[PDB]
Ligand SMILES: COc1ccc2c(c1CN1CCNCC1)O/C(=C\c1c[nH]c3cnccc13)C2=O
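Quick setup: one chain, the form deposited without the named molecule, written in structure tokens, and binding and motion questions come after.
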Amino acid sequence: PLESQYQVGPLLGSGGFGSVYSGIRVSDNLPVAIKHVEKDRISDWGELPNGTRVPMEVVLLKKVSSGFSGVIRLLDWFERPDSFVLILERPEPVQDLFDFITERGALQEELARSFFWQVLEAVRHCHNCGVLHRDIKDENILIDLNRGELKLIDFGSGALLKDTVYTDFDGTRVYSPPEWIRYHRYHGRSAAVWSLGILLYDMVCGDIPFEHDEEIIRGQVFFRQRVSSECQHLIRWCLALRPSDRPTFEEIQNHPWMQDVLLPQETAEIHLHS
């Protein structure tokens, strides 16, 4: 019954995703995030096993809800006359990867390795559960600063994972692959790998490689910071113009740059001062 369950706090953020508030679960003082989405602004709608009409986001979150801490967890949701309200886990203290990179600059490679591996494990979990996120980027990744653990957030542009072609997209253009820009056609996993290349470059360089369609299409990658030969190779591989030339998730995690990753806790002790 909503009001008697949560104590609503300050606005955490807003945007294409909705409006997200800090909240507390009254029953156990649990930190939560309360995300509101207007029905009018809802892209596409889904399908609960019981068959009520909910936004796809709800569908996707439930499909990826489990013990695994690499993806945000949906705890409850409500329907209102003009909106849906999502109760989500909130780590505390937390900071997003965009803010982290803004505050700290280009990340040491040891750190970018730990973070990127964890992103890979989380996207693999999504795909495994039939979910394609479709907006992988620094802003949609939270860092649980205590545990050195990353969380994927905002599945509001996601879809069910299919093996046929997608002709629709509404994630972040600068993270979208050349085949979306040129043809308005992509395949889930290979588009995901492209965005993973953009994000890796973002971590090691402190900014994204392309701002304009022409740059995305041309595919030429310039390194503005000192980046190791192996990291450069991995990044350029993910950012292959032909989708079919892109690494599989397995090929990425077998890549030599990806060897000897730190544990999340190790990562926090060293790089998060914990």
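So that there is no doubt, residue numbering starts at 1 and follows the sequence shown. We call the rigid core whatever largest set of C-alpha positions still superposes within 1.5 Å between the two forms. Shifts are known only where both forms have a C-alpha.
Beyond the structure shown, there is the form deposited with the named molecule bound, which is absent from this document and is the topic of what follows.
Participant: Only one of 109, 121, 149, 139 comes within 4.5 Å of the named molecule in the deposited bound form by heavy atoms, so just point that one out.
Facilitator: Flagged contact: 139.
Participant: Going by heavy atoms within 4.5 Å, which of 227-235, 29-37, 243-251, 43-51 lines up against the named molecule in the deposited bound form?
Facilitator: Going by heavy atoms within 4.5 Å, the stretch is 29-37.
Participant: Flag residue 196 as yes or no: does it have a non-hydrogen atom within 4.5 angstroms of any non-hydrogen atom of the named molecule in the deposited bound form?
Facilitator: Judged by the heavy-atom cut-off of 4.5 Å, residue 196 is well away from the named molecule in the deposited bound form.
Participant: If we define contact as a non-hydrogen atom of the residue within 4.5 angstroms of the partner, is residue 96 a contact of the named molecule in the deposited bound form?
Facilitator: So residue 96 counts as contacting the named molecule.
Participant: Using a 4.5 Å heavy atom cut-off, state whether residue 90 contacts the named molecule in the deposited bound form.
Facilitator: Contact with the named molecule, yes.
Participant: Given that the named molecule is not shown alongside this chain, does residue 17 nevertheless sit within 4.5 Å of it in the deposited bound form, heavy atom to heavy atom?
Facilitator: The answer is yes: residue 17 has a heavy atom within 4.5 Å of the named molecule.
Participant: Determine the residues of 44-73 with a heavy atom within 4.5 Å of the named molecule in the deposited bound form and present them in sequence order; the list may be empty.
Facilitator: If the 4.5 Å heavy-atom criterion is applied to the named molecule in the deposited bound form, 44-73 yields 57, 72.
Participant: Once the rigid core is fitted, tell me which blocks of three or more consecutive residues have Cα atoms all displaced by 2 Å or more between this form and the one not shown.
Facilitator: When the rigid core is held fixed, residues 15-18 make up the only run that shifts.
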